[PDB]
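Reviewing the structure listed below.
Any read-out appearing in this document is the output of simple, stated calculations on the displayed coordinates, not a laboratory observation. So basically every Cβ, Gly included, is an ideal-geometry build from the backbone, and we count neighbours across all protein chains shown.
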């Protein structure tokens, strides 16, 4: 009946401190389609994140890309936080350059 | 090479929260080009790729009318499926549909597709002959008997061999700068010790299109399939995709490992190693 | 271009 999301957090281009980039959180493999995804900058939710139009794979499971412009620095920590019916509590995956 | 057009519809009920949401997206290969979302402030078929933008108002208006009509039909099918599965009206359920056509380099139809799911499981599928159906269970056999009585497969076959192929050929021409360009992967290998006697080697592919790619690790010339961690291919957001494959190897044996990359954008497969 | 047949179950 239900399938839990796979989550990857990564950048559009290889990261260089002080250079504009995009931070991505790709959630995939999940069913049903309702999902809650936040991007976090130092534990705090980033506003106005955009996401792709809902689509699905050959095995019917859904995927979405959430993304926002960002400028990596040495200090700042980034993460993706995902909730879904299959999850007891939000799962947080940290960005690792 | 060969190319495909696919549309994907999802219809999600939400009792107590209004009528079911209907979303449709269309793709040529791995490039999305249209979307429709019944929950938008003003639902219409909207462009998502630059080469579709040149279609005129008759196209956008027709596609919008068709998506509204389809959304009404799929809302009805969700009611129907509830009865077919003896389910209560309290729950939320999902219908998904995918259909479309695949053409070879000369533009001739290679094969057509029309397949339906209910709650993420197969429900009914048009077979490759485009003339018979495979139903996944007794509920879907009720639909099968109705579609057989109405000769639905004949109408789909006519779309799949006709308009589907014709419109895909048109999109391929209008988008030829991108839909007909493969970008090969930029590849490299990274090395990170995990302990004094093991290290991870990770072979990266970035910036490639289309999404299909094969990344394999060999040790002494033999594939390390059972031992390789492969992440799902993921979208960069600028049309291209990324992937990596990793293997854990004994310290001092790194040079026995080679990463092999196959992609449509490469003239020949690539072999790379960790270069300290 | 999408298909016009949307069929009832």
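Side notes on the structure shown:
- Multiplying each eigenvalue of the alpha-carbon gyration tensor of chain B by 5 and taking the square root yields semi-axes of 42, 24, 19 Å, largest first, rounded to whole angstroms.
- Tilt relative to chain B, helix B:138-149 - C-alpha long axis, 0 to 90 degrees, to 10: 60 degrees
- Calculated over chain A: convex hull of Cα atoms, volume per residue (Å³): 95 Å³
- Degrees, to the nearest 10: B:163-174 long Cα axis against longest axis of chain B: 50 degrees
- Simple spin-label estimate for residue C:7 and residue B:190 gives 5.0 nm between the two label positions (7 Å along the Cα-to-Cβ direction from each Cα).
- Cα centroid separation, segment B:68-136 to segment B:147-201 (Å): 20 Å
- Value of relative contact order over chain B, rounded to a whole percent, pairs C-alpha under 8 Å and six or more apart: 13 percent
- With each label modelled as a point 7 angstrom along the Cα→C-beta vector, the residue B:238-residue B:90 pair spans 5.1 nm.
- Averaged over A:49-59, number of beta-carbon atoms from partner chains that fall within 10 Å: 5
- Chain B: angle of helix B:57-84 to the longest principal axis, Cα-based, in degrees nearest 10: 80 degrees
- Relative contact order (%) - chain A, alpha-carbon pairs under 8 angstrom, separation at least six: 34 percent
- The helix-based estimate of mean residue ellipticity at 222 nm for the protein assembly as shown, built from -39,500 (n - 2.57) per DSSP H run of four or more residues and divided by its residue count, is -5500 deg cm²/dmol to the nearest 500.
- Extension gain, residue B:137 back to residue B:255 (0.36 nm per residue minus Cα-Cα distance, nm): 37.2 nm
- Rounded FRET efficiency, nearest 0.05, which uses the C-beta distance separating residue B:198 from residue A:75 and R0 of 30 Å: 0.45
- The protein assembly as shown - Debye-derived log10 I(q)/I(0), Cα point model, q = 0.07, 0.13, 0.14 Å⁻¹: -0.37, -1.21, -1.34
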